[PDB]
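So this one's entry25.pdb, PDB, C-alpha atoms:
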ATOM      1  CA  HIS A  19       3.369 131.113 -48.720
ATOM      2  CA  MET A  20       2.570 132.134 -52.319
ATOM      3  CA  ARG A  21       0.845 128.758 -52.811
ATOM      4  CA  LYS A  22      -2.383 130.354 -51.546
ATOM      5  CA  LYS A  23      -2.426 132.788 -54.492
ATOM      6  CA  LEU A  24      -2.315 129.922 -57.076
ATOM      7  CA  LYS A  25      -5.327 129.321 -59.274
ATOM      8  CA  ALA A  26      -3.825 127.584 -62.345
ATOM      9  CA  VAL A  27      -1.044 125.308 -63.579
ATOM     10  CA  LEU A  28       0.119 125.925 -67.148
ATOM     11  CA  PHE A  29       1.615 122.884 -68.831
ATOM     12  CA  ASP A  30       3.735 122.647 -71.954
ATOM     13  CA  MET A  31       2.741 119.542 -73.978
ATOM     14  CA  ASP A  32       5.789 118.047 -75.754
ATOM     15  CA  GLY A  33       8.189 116.729 -73.164
ATOM     16  CA  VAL A  34       5.734 117.353 -70.341
ATOM     17  CA  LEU A  35       2.364 115.799 -71.063
ATOM     18  CA  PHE A  36       3.481 113.474 -73.921
ATOM     19  CA  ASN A  37       6.817 111.697 -74.387
ATOM     20  CA  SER A  38       7.000 113.088 -77.925
ATOM     21  CA  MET A  39      10.442 114.716 -78.111
ATOM     22  CA  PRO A  40      12.363 111.665 -79.498
ATOM     23  CA  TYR A  41       9.824 111.728 -82.353
ATOM     24  CA  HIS A  42       9.828 115.506 -82.833
ATOM     25  CA  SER A  43      13.603 115.738 -83.040
ATOM     26  CA  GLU A  44      13.824 112.683 -85.346
ATOM     27  CA  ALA A  45      11.126 114.147 -87.611
ATOM     28  CA  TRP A  46      12.746 117.604 -87.714
ATOM     29  CA  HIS A  47      16.163 116.115 -88.489
ATOM     30  CA  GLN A  48      14.690 113.950 -91.262
ATOM     31  CA  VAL A  49      12.526 116.514 -93.085
ATOM     32  CA  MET A  50      15.409 118.999 -93.082
ATOM     33  CA  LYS A  51      17.787 116.332 -94.482
ATOM     34  CA  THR A  52      15.210 115.575 -97.197
ATOM     35  CA  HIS A  53      14.896 119.283 -97.943
ATOM     36  CA  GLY A  54      18.680 119.805 -98.072
ATOM     37  CA  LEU A  55      19.504 121.257 -94.626
ATOM     38  CA  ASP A  56      21.486 120.192 -91.558
ATOM     39  CA  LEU A  57      19.546 120.173 -88.311
ATOM     40  CA  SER A  58      20.860 117.726 -85.787
ATOM     41  CA  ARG A  59      18.522 115.958 -83.384
ATOM     42  CA  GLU A  60      20.216 117.818 -80.491
ATOM     43  CA  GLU A  61      19.601 121.182 -82.195
ATOM     44  CA  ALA A  62      16.013 120.149 -82.882
ATOM     45  CA  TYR A  63      15.591 119.649 -79.099
ATOM     46  CA  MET A  64      16.944 123.167 -78.624
ATOM     47  CA  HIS A  65      14.155 124.485 -80.842
ATOM     48  CA  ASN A  66      11.497 122.858 -78.590
ATOM     49  CA  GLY A  67       8.829 125.388 -77.672
ATOM     50  CA  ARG A  68       8.838 127.292 -80.967
ATOM     51  CA  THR A  69       6.069 127.039 -83.501
ATOM     52  CA  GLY A  70       6.883 124.898 -86.571
ATOM     53  CA  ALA A  71       6.933 128.057 -88.720
ATOM     54  CA  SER A  72       9.408 129.773 -86.429
ATOM     55  CA  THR A  73      11.637 126.654 -86.259
ATOM     56  CA  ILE A  74      11.706 126.397 -90.070
ATOM     57  CA  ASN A  75      12.498 130.084 -90.598
ATOM     58  CA  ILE A  76      15.325 130.021 -88.023
ATOM     59  CA  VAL A  77      16.973 126.849 -89.425
ATOM     60  CA  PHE A  78      16.899 128.550 -92.831
ATOM     61  CA  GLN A  79      18.525 131.679 -91.360
ATOM     62  CA  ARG A  80      21.250 129.720 -89.549
ATOM     63  CA  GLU A  81      22.076 127.334 -92.414
ATOM     64  CA  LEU A  82      21.411 129.262 -95.642
ATOM     65  CA  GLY A  83      21.589 132.878 -94.394
ATOM     66  CA  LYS A  84      18.074 133.672 -95.577
ATOM     67  CA  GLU A  85      14.393 133.592 -94.675
ATOM     68  CA  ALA A  86      12.240 130.602 -95.590
ATOM     69  CA  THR A  87       9.332 131.519 -97.879
ATOM     70  CA  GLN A  88       5.748 130.944 -96.882
ATOM     71  CA  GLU A  89       5.557 128.093 -99.398
ATOM     72  CA  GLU A  90       8.660 126.430 -97.948
ATOM     73  CA  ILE A  91       7.266 126.785 -94.421
ATOM     74  CA  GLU A  92       3.964 125.121 -95.266
ATOM     75  CA  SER A  93       5.612 122.381 -97.358
ATOM     76  CA  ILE A  94       8.288 121.449 -94.773
ATOM     77  CA  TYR A  95       5.810 121.651 -91.897
ATOM     78  CA  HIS A  96       3.377 119.353 -93.754
ATOM     79  CA  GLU A  97       6.143 116.838 -94.415
ATOM     80  CA  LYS A  98       7.305 117.097 -90.787
ATOM     81  CA  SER A  99       3.749 116.283 -89.620
ATOM     82  CA  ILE A 100       3.537 113.178 -91.865
ATOM     83  CA  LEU A 101       6.853 111.909 -90.531
ATOM     84  CA  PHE A 102       5.953 112.565 -86.891
ATOM     85  CA  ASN A 103       2.594 110.860 -87.264
ATOM     86  CA  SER A 104       4.125 107.861 -89.063
ATOM     87  CA  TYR A 105       5.566 106.696 -85.721
ATOM     88  CA  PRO A 106       3.531 104.758 -83.093
ATOM     89  CA  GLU A 107       1.564 107.437 -81.201
ATOM     90  CA  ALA A 108       3.472 109.309 -78.511
ATOM     91  CA  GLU A 109       2.540 108.053 -75.059
ATOM     92  CA  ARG A 110       1.957 109.940 -71.767
ATOM     93  CA  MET A 111       4.995 111.095 -69.838
ATOM     94  CA  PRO A 112       5.110 109.031 -66.608
ATOM     95  CA  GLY A 113       3.849 111.176 -63.729
ATOM     96  CA  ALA A 114       1.860 113.661 -65.840
ATOM     97  CA  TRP A 115      -1.571 112.131 -65.207
ATOM     98  CA  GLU A 116      -0.820 111.628 -61.476
ATOM     99  CA  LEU A 117       0.229 115.309 -61.210
ATOM    100  CA  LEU A 118      -2.839 116.553 -63.091
ATOM    101  CA  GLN A 119      -5.058 114.695 -60.594
ATOM    102  CA  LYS A 120      -3.204 116.426 -57.708
ATOM    103  CA  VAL A 121      -3.537 119.853 -59.396
ATOM    104  CA  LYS A 122      -7.278 119.253 -59.881
ATOM    105  CA  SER A 123      -7.890 117.955 -56.311
ATOM    106  CA  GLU A 124      -6.254 121.167 -55.095
ATOM    107  CA  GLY A 125      -8.899 123.140 -57.010
ATOM    108  CA  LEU A 126      -6.361 124.483 -59.523
ATOM    109  CA  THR A 127      -7.048 125.008 -63.217
ATOM    110  CA  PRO A 128      -5.022 122.982 -65.748
ATOM    111  CA  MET A 129      -3.983 124.802 -68.920
ATOM    112  CA  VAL A 130      -1.898 123.916 -71.933
ATOM    113  CA  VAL A 131       0.481 126.431 -73.415
ATOM    114  CA  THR A 132       2.252 124.959 -76.471
ATOM    115  CA  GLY A 133       3.986 125.849 -79.729
ATOM    116  CA  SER A 134       2.302 122.731 -81.209
ATOM    117  CA  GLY A 135       0.045 122.678 -84.253
ATOM    118  CA  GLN A 136      -0.054 118.855 -84.251
ATOM    119  CA  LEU A 137      -3.775 118.133 -84.211
ATOM    120  CA  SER A 138      -3.175 114.418 -83.506
ATOM    121  CA  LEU A 139      -1.549 115.266 -80.157
ATOM    122  CA  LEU A 140      -3.854 118.200 -79.382
ATOM    123  CA  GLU A 141      -7.009 116.075 -79.938
ATOM    124  CA  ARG A 142      -5.502 113.238 -77.830
ATOM    125  CA  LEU A 143      -5.209 115.475 -74.716
ATOM    126  CA  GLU A 144      -8.770 114.685 -73.694
ATOM    127  CA  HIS A 145      -8.322 110.950 -74.189
ATOM    128  CA  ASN A 146      -5.051 110.913 -72.298
ATOM    129  CA  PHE A 147      -5.896 113.308 -69.479
ATOM    130  CA  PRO A 148      -9.693 113.034 -69.115
ATOM    131  CA  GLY A 149     -11.591 115.999 -67.586
ATOM    132  CA  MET A 150      -8.426 118.162 -67.305
ATOM    133  CA  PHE A 151      -8.252 120.546 -70.253
ATOM    134  CA  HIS A 152     -10.582 122.718 -72.325
ATOM    135  CA  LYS A 153      -9.909 124.389 -75.644
ATOM    136  CA  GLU A 154     -10.746 127.850 -74.240
ATOM    137  CA  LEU A 155      -8.098 127.308 -71.539
ATOM    138  CA  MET A 156      -5.302 126.398 -73.992
ATOM    139  CA  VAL A 157      -2.795 128.316 -76.104
ATOM    140  CA  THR A 158      -1.432 126.552 -79.240
ATOM    141  CA  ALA A 159       0.313 127.457 -82.525
ATOM    142  CA  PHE A 160      -3.052 128.600 -83.844
ATOM    143  CA  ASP A 161      -3.273 131.399 -81.209
ATOM    144  CA  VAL A 162       0.093 133.116 -81.503
ATOM    145  CA  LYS A 163       1.989 135.255 -83.998
ATOM    146  CA  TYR A 164       5.431 134.733 -82.537
ATOM    147  CA  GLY A 165       5.331 131.938 -79.942
ATOM    148  CA  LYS A 166       8.065 130.947 -77.541
ATOM    149  CA  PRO A 167      10.525 132.264 -76.421
ATOM    150  CA  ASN A 168       8.271 135.319 -76.666
ATOM    151  CA  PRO A 169       6.179 135.618 -73.494
ATOM    152  CA  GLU A 170       3.292 136.194 -75.909
ATOM    153  CA  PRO A 171       1.752 132.748 -75.480
ATOM    154  CA  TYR A 172       2.028 132.689 -71.675
ATOM    155  CA  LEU A 173       0.625 136.238 -71.645
ATOM    156  CA  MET A 174      -2.358 134.998 -73.690
ATOM    157  CA  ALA A 175      -2.810 132.062 -71.324
ATOM    158  CA  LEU A 176      -3.077 134.393 -68.306
ATOM    159  CA  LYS A 177      -5.655 136.477 -70.144
ATOM    160  CA  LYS A 178      -7.672 133.456 -71.298
ATOM    161  CA  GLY A 179      -7.729 132.172 -67.746
ATOM    162  CA  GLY A 180      -8.488 135.638 -66.327
ATOM    163  CA  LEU A 181      -5.345 135.332 -64.255
ATOM    164  CA  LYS A 182      -2.523 137.501 -63.007
ATOM    165  CA  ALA A 183       1.083 136.259 -63.270
ATOM    166  CA  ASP A 184       1.265 135.542 -59.518
ATOM    167  CA  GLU A 185      -1.853 133.319 -59.730
ATOM    168  CA  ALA A 186      -0.148 130.786 -62.102
ATOM    169  CA  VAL A 187       2.746 128.319 -62.268
ATOM    170  CA  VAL A 188       4.412 127.173 -65.534
ATOM    171  CA  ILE A 189       5.510 123.537 -66.070
ATOM    172  CA  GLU A 190       8.155 123.478 -68.803
ATOM    173  CA  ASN A 191      10.785 121.206 -70.338
ATOM    174  CA  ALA A 192      12.280 123.434 -73.021
ATOM    175  CA  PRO A 193      14.799 126.307 -72.551
ATOM    176  CA  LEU A 194      12.806 128.582 -74.888
ATOM    177  CA  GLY A 195       9.618 127.707 -73.020
ATOM    178  CA  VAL A 196      11.232 128.342 -69.607
ATOM    179  CA  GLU A 197      12.423 131.658 -71.036
ATOM    180  CA  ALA A 198       8.883 132.522 -72.259
ATOM    181  CA  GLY A 199       7.161 131.816 -68.949
ATOM    182  CA  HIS A 200       9.907 133.653 -67.082
ATOM    183  CA  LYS A 201       9.513 136.703 -69.290
ATOM    184  CA  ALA A 202       5.727 136.634 -68.816
ATOM    185  CA  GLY A 203       6.543 137.055 -65.105
ATOM    186  CA  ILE A 204       5.342 133.627 -64.038
ATOM    187  CA  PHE A 205       6.910 131.271 -61.507
ATOM    188  CA  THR A 206       8.383 128.589 -63.797
ATOM    189  CA  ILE A 207       9.155 124.971 -62.857
ATOM    190  CA  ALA A 208      11.513 123.115 -65.199
ATOM    191  CA  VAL A 209      11.561 119.382 -65.768
ATOM    192  CA  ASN A 210      14.594 118.009 -67.597
ATOM    193  CA  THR A 211      12.989 115.170 -69.601
ATOM    194  CA  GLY A 212      15.362 115.435 -72.560
ATOM    195  CA  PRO A 213      19.147 114.977 -73.006
ATOM    196  CA  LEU A 214      19.992 118.635 -72.302
ATOM    197  CA  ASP A 215      22.155 119.848 -69.412
ATOM    198  CA  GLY A 216      20.111 121.057 -66.409
ATOM    199  CA  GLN A 217      21.958 124.402 -66.278
ATOM    200  CA  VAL A 218      20.504 125.651 -69.595
ATOM    201  CA  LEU A 219      17.027 125.486 -68.033
ATOM    202  CA  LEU A 220      18.117 127.424 -64.905
ATOM    203  CA  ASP A 221      19.944 130.040 -67.030
ATOM    204  CA  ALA A 222      16.703 130.486 -69.004
ATOM    205  CA  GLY A 223      14.968 131.601 -65.805
ATOM    206  CA  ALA A 224      13.581 128.479 -64.156
ATOM    207  CA  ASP A 225      12.676 129.028 -60.524
ATOM    208  CA  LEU A 226      12.779 125.272 -59.832
ATOM    209  CA  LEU A 227      14.404 122.250 -61.491
ATOM    210  CA  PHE A 228      13.293 118.601 -61.486
ATOM    211  CA  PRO A 229      14.738 115.500 -63.229
ATOM    212  CA  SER A 230      11.342 114.097 -64.316
ATOM    213  CA  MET A 231       7.559 114.622 -64.228
ATOM    214  CA  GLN A 232       7.299 111.823 -61.641
ATOM    215  CA  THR A 233       9.755 113.456 -59.224
ATOM    216  CA  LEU A 234       7.900 116.799 -59.610
ATOM    217  CA  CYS A 235       4.673 114.948 -58.897
ATOM    218  CA  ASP A 236       6.280 113.299 -55.849
ATOM    219  CA  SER A 237       7.484 116.706 -54.614
ATOM    220  CA  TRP A 238       4.342 118.711 -55.507
ATOM    221  CA  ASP A 239       2.947 119.165 -51.977
ATOM    222  CA  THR A 240       6.402 120.377 -50.794
ATOM    223  CA  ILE A 241       6.679 123.418 -52.985
ATOM    224  CA  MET A 242       6.461 125.941 -51.842
ATOM    225  CA  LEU A 243       4.211 125.808 -48.772
TER     226      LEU A 243
END
Encoded form using structure tokens:
Amino acid sequence: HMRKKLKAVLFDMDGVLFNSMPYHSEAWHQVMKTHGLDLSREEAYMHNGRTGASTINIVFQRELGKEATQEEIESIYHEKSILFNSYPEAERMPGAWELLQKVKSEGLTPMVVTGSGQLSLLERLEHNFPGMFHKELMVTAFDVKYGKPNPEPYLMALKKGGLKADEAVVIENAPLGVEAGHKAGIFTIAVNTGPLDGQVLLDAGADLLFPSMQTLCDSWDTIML
């Protein structure tokens, strides 16, 4: 019924396009440990969606009761990137490429809206999902001042795509990303790819919930028409 209005599908990357969250949480946990701070892997999952800078500053606030400095942010983020990239490269989430082909055959525009500044993953989008994405139709860490769970980044996506909120759908895996799309006024589909409870995604504002990218792909022609 509102399927006819759709012009674009706005994907998160980590936990949606790439199976990168085991690595991200491991790397966050490790760099913090090495710096002197406690950030569990579970808590690192809860920070999914944020920019690295925002994640660092918030961990500092929660653990030490202060702001991280700019120097600390850049140093920790650098070290986090080395760790992340020291693992065998994150592979495609099963179902993501199949879904992107469906989206494209429907004449819809793929976009990426991410808190990521990981150039290794960002530059691999083309090689993993050929023909799908374009840098002008993407929002990354380099585009935002606040990032998720601020609607900012989803708001910028709409603008970049020349879209209204009712002309897009958000595909998210993170609570803070579901929150951001929801607050930008966009119909948001949640996929629970991590170890989090499915309720936290619904409470964040998800209009739909799926257990995996493959099951969403399998059910794509059902919603909502």
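Distance-wise, atom CA of residue A:199 and atom CA of residue A:132 end up 11.3 Å apart.
By chain and then residue number, the residues within 10 Å of residue A:232 are residues 111, 112, 113, 114, 115, 116, 117, 209, 228, 236, 237 and 238 of chain A, counting only C-alpha atoms and disregarding those fewer than 4 positions away in sequence.
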Preceding selection exported with C-alpha atoms as an mmCIF file, in the coordinates of the input:
data_model
loop_
_atom_site.group_PDB
_atom_site.id
_atom_site.type_symbol
_atom_site.label_atom_id
_atom_site.label_comp_id
_atom_site.auth_asym_id
_atom_site.auth_seq_id
_atom_site.Cartn_x
_atom_site.Cartn_y
_atom_site.Cartn_z
ATOM 1 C CA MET A 111 4.995 111.095 -69.838
ATOM 2 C CA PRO A 112 5.110 109.031 -66.608
ATOM 3 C CA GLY A 113 3.849 111.176 -63.729
ATOM 4 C CA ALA A 114 1.860 113.661 -65.840
ATOM 5 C CA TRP A 115 -1.571 112.131 -65.207
ATOM 6 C CA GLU A 116 -0.820 111.628 -61.476
ATOM 7 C CA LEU A 117 0.229 115.309 -61.210
ATOM 8 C CA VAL A 209 11.561 119.382 -65.768
ATOM 9 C CA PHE A 228 13.293 118.601 -61.486
ATOM 10 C CA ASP A 236 6.280 113.299 -55.849
ATOM 11 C CA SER A 237 7.484 116.706 -54.614
ATOM 12 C CA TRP A 238 4.342 118.711 -55.507
#
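The interatomic distance for the pair atom CA of residue A:234 and atom CA of residue A:168 works out to 25.2 Å.
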Neighbour list for stretch 36-46 of chain A as a PyMOL selection string, cut-off 6 Å, all atoms listed in the file, skip fewer than 5 positions in-chain
chain A and resi 59+62-63+98+101-102+108-111
Selection dump of the PyMOL selection byres ((chain A and resi 173-181) around 7), as JSON, numbers by chain
{"A": [131, 155, 156, 157, 169, 170, 171, 172, 182, 183, 185, 202]}
Which residue gives the smallest distance to residue A:206 among A:105, A:29, A:78, A:95, with all atoms listed in the file counted?
A:29
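Minimum distance to residue A:33 across A:66, A:125, A:81, A:139 (counting all atoms listed in the file) occurs at A:66.
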Would you list the contacts of residue A:92 as number ranges by chain, taking every protein, DNA or RNA residue within 10 Å and counting all atoms listed in the file, but skipping same-chain residues closer than 6 positions in sequence?
A: 70-71, 74, 86, 98
Emit the selected residues as a short mmCIF file (atom, residue, chain, number, x, y, z; two decimals), in the frame of the given file, including C-alpha atoms.
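selection_16.cif was written with the following content:
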data_model
loop_
_atom_site.label_atom_id
_atom_site.label_comp_id
_atom_site.auth_asym_id
_atom_site.auth_seq_id
_atom_site.Cartn_x
_atom_site.Cartn_y
_atom_site.Cartn_z
CA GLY A 70 6.88 124.90 -86.57
CA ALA A 71 6.93 128.06 -88.72
CA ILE A 74 11.71 126.40 -90.07
CA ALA A 86 12.24 130.60 -95.59
CA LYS A 98 7.30 117.10 -90.79
#
As an exercise, work out the distance from atom CA of residue A:123 to atom CA of residue A:146 in Å and give it to one decimal place.
17.7 Å
Repaired coordinates for stretch 172-191 of chain A (N, CA, C and O atoms) as a tab-separated table (two decimals), in the coordinates of the input:
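And here's out_0.tsv as it stands now:
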chain	number	residue	atom	x	y	z
A	172	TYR	N	2.31	132.75	-73.11
A	172	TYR	CA	2.03	132.69	-71.68
A	172	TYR	C	1.18	133.89	-71.24
A	172	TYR	O	0.24	133.74	-70.45
A	173	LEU	N	1.45	135.04	-71.85
A	173	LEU	CA	0.62	136.24	-71.64
A	173	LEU	C	-0.81	136.02	-72.08
A	173	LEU	O	-1.73	136.42	-71.36
A	174	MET	N	-1.01	135.34	-73.22
A	174	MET	CA	-2.36	135.00	-73.69
A	174	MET	C	-3.03	133.99	-72.80
A	174	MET	O	-4.25	134.04	-72.63
A	175	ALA	N	-2.25	133.07	-72.23
A	175	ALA	CA	-2.81	132.06	-71.32
A	175	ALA	C	-3.43	132.73	-70.11
A	175	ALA	O	-4.57	132.42	-69.75
A	176	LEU	N	-2.65	133.61	-69.48
A	176	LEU	CA	-3.08	134.39	-68.31
A	176	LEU	C	-4.38	135.08	-68.59
A	176	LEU	O	-5.32	134.94	-67.84
A	177	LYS	N	-4.45	135.77	-69.73
A	177	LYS	CA	-5.66	136.48	-70.14
A	177	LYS	C	-6.85	135.55	-70.32
A	177	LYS	O	-7.95	135.84	-69.82
A	178	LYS	N	-6.63	134.44	-71.03
A	178	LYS	CA	-7.67	133.46	-71.30
A	178	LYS	C	-8.23	132.89	-70.01
A	178	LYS	O	-9.43	132.64	-69.89
A	179	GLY	N	-7.34	132.69	-69.04
A	179	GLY	CA	-7.73	132.17	-67.75
A	179	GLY	C	-8.22	133.24	-66.78
A	179	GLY	O	-8.68	132.92	-65.68
A	180	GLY	N	-8.12	134.51	-67.18
A	180	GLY	CA	-8.49	135.64	-66.33
A	180	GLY	C	-7.60	135.66	-65.10
A	180	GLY	O	-8.07	135.83	-63.98
A	181	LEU	N	-6.31	135.47	-65.33
A	181	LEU	CA	-5.34	135.33	-64.26
A	181	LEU	C	-4.33	136.46	-64.28
A	181	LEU	O	-4.11	137.08	-65.32
A	182	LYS	N	-3.73	136.70	-63.12
A	182	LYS	CA	-2.52	137.50	-63.01
A	182	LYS	C	-1.33	136.56	-62.93
A	182	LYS	O	-1.48	135.41	-62.52
A	183	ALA	N	-0.15	137.06	-63.28
A	183	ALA	CA	1.08	136.26	-63.27
A	183	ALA	C	1.36	135.53	-61.95
A	183	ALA	O	1.88	134.40	-61.96
A	184	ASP	N	1.00	136.15	-60.82
A	184	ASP	CA	1.26	135.54	-59.52
A	184	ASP	C	0.23	134.48	-59.11
A	184	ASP	O	0.41	133.80	-58.09
A	185	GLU	N	-0.83	134.35	-59.92
A	185	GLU	CA	-1.85	133.32	-59.73
A	185	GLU	C	-1.60	132.01	-60.54
A	185	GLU	O	-2.39	131.07	-60.47
A	186	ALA	N	-0.50	131.97	-61.29
A	186	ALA	CA	-0.15	130.79	-62.10
A	186	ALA	C	1.25	130.23	-61.84
A	186	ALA	O	2.10	130.92	-61.27
A	187	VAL	N	1.44	128.96	-62.20
A	187	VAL	CA	2.75	128.32	-62.27
A	187	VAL	C	2.92	127.65	-63.65
A	187	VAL	O	1.97	127.06	-64.18
A	188	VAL	N	4.11	127.76	-64.23
A	188	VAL	CA	4.41	127.17	-65.53
A	188	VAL	C	5.17	125.86	-65.33
A	188	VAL	O	6.11	125.82	-64.54
A	189	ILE	N	4.75	124.79	-66.03
A	189	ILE	CA	5.51	123.54	-66.07
A	189	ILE	C	6.14	123.37	-67.46
A	189	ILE	O	5.44	123.13	-68.44
A	190	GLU	N	7.46	123.49	-67.53
A	190	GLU	CA	8.15	123.48	-68.80
A	190	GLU	C	9.28	122.45	-68.89
A	190	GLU	O	9.80	122.02	-67.87
A	191	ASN	N	9.65	122.10	-70.11
A	191	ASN	CA	10.78	121.21	-70.34
A	191	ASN	C	11.83	121.81	-71.27
A	191	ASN	O	12.97	121.34	-71.34
